[PDB]
Amino acid sequence: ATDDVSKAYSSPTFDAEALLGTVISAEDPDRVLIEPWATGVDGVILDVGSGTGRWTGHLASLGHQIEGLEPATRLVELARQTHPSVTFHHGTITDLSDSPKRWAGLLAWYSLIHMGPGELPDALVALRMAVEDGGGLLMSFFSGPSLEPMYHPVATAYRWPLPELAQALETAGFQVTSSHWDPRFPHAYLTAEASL
Amino acid sequence: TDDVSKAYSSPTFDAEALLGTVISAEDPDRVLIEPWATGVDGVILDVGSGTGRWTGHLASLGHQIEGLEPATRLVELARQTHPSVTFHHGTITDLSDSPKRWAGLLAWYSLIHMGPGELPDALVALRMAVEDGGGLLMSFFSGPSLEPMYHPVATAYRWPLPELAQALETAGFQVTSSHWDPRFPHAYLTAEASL
Ligand SMILES: Nc1ncnc2c1ncn2[C@@H]1O[C@H](CSCC[C@H](N)C(=O)O)[C@@H](O)[C@H]1O
Ligand SMILES: Nc1ncnc2c1ncn2[C@@H]1O[C@H](CSCC[C@H](N)C(=O)O)[C@@H](O)[C@H]1O
């Protein structure tokens with residue numbers, strides 16, 4: 001559940017600064033995925049579960065209009081001191097439904113990995129209501145042949161088969177425009193477009 | 001550059017879930033690693049031991065072994081999980097700093113991120129860390145041509161037997177055995193340190 005997960009990430013026994021990192025490496029393979037996507041966003045990007053803000057600051061430095069959303073108290077505060085010119089919102093995905101705010105695109109980089117079938121559905125719905133119609137979504141997650149839990153050092157994670165996740169997205173108002181996954185690893189990612 | 005090792009320490013990579021922390025008694029890799037380890041008459045060095053799953057396993061079987069891991073979070077995890085086993089926090093190249101030598105080297109998928117411009121010298125450093133006539137057991141990704149391949153941490157590489165065997169011979173290693181199923185990239189081989 002997000003409550004226990006968020007406090008696990010803000011736990012003083014977890015130094016995200018060193019583990020997650022506060023700056024992106026020039027050799028980071030995710031750059032070729034996120035950077036191109038970001039350029040395609042015509043408006044303010046919302047980095048969902050920005051954590052230490054490493055990608056938020058990186059994209060902001062490259063001229064992108066972007067803000068962050070992070071429920072982990074220690075992390076969001078940490079992100080502000082590290083990236084003083086970037087706006088970081090302290091809150092959860094569901095909190096987004098409490099405001100009329102809407103962004104042009106959504107970046108959820110491994111921020112949805114701790115949500116199972118009883119939680120992701122509602123999160124996707126809130127996300128859809130937080131992005132402009134036709135707006136984009138880039139998310140990375142863990143996939144596999146079955147929808148099942150998976151050990152993770154911070155909090156329990158979940159593997160989501162493409163069929164189940166794509167259906168959840170469609171039900172939520174998102175259409176998958178691209179996806180990628182290598183069966184030898186759970187790591188996977190996809191792009192979607194806000195629709196009906 | 002410690003970008004690779006740091007990426008391996010990241011919770012996002014989730015080393016404990018992808019590689020594991022414990023060795024299943026039914027793991028098929030056991031029949032490959034154990035027979036080899038038994039042949040090493042001395043201390044084995046687990047190069048890029050990660051979570052220390054194999055290091056603890058072989059240690060519990062009576063094998064004299066130590067681990068080498070640059071990934072901070074992983075090396076610290078290995079130490080708490082196997083308090084009886086020694087784990088050195090360093091990289092293959094750091095081996096040149098110490099005159100220490102091991103009787104055998106186990107490199108289970110710890111060299112996959114090394115392309116044609118890095119593997120050659122990494123193998124030289126390995127040769128310097130093993131006793132003459134010592135043994136080397138390594139697993140890697142193979143294929144019809146030396147090309148890069150996808151991997152969550154960083155670019156990985158497929159090494160054809162010809163190219164890899166030649167790099168090993170140049171490094172002072174002689175391939176004693178090799179295995180590979182052309183259907184899958186997974187491969188492995190044993191080698192003996194020259195005299
Ligand atoms: N509903 C939710 N909304 C936002 N963040 C959430 C969430 N549930 C879990 N998280 C979190 O998502 C993050 C996942 S780990 C870091 C992800 C970040 N995009 C990066 O690549 O560095 C953590 O900061 C954690 O607090
Ligand atoms: N130069 C280097 N020296 C030592 N380890 C290295 C390295 N370059 C990459 N590695 C790493 O090698 C490991 C490969 S993945 C895990 C391998 C381990 N033998 C197992 O089977 O579980 C990672 O822990 C990673 O940090």
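Because only heavy atoms are used, hydrogens play no part in the values below, and waters and symmetry mates are left out as well, while side chains stay in. Throughout, protein chains are lettered first and strands after them, A, B, ... in sequence-line order, and every chain is numbered starting at 1. Numbering of ligands and ligand atoms starts at 1, following listing order.
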Assign the ring pair B/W102 / B/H88 to parallel, tilted or perpendicular, where the plane angle (0 to 90°) is split at 30° and 60°.
-> perpendicular
Quick one: pull up OH in A/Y158 and CZ in A/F142 and give me the separation to the nearest 0.5 Å.
-> 13.5 Å
Could you walk me through whether B/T190 and B/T176 pass the side chain to side chain donor-acceptor pair (under 3.5 Å) test, one step at a time?
-> CA-CA 6 Å; B/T190 59; B/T176 50; 2.8 Å; yes
Do A/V5 and A/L75 sit in the same hydrophobic cluster, where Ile, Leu, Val, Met, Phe, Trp and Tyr count as joined when their side-chain heavy atoms come under 4.5 Å apart?
-> yes
With the threshold set at 4.0 Å, does a side-chain nitrogen-carboxylate oxygen contact exist between B/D132 and B/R101?
-> yes
Heavy-atom contacts under 4.0 Å to ligand 1, chain-then-number order, include exactly A/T2, A/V5, A/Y9, A/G49, A/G51, A/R54, A/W55, A/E70, A/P71, A/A72, A/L75, A/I93, A/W109, A/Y110, A/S111, A/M115
Do NZ/NE/NH1/NH2 and the carboxylate oxygens of A/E17 and A/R74 come within less than 4.0 Å?
-> yes
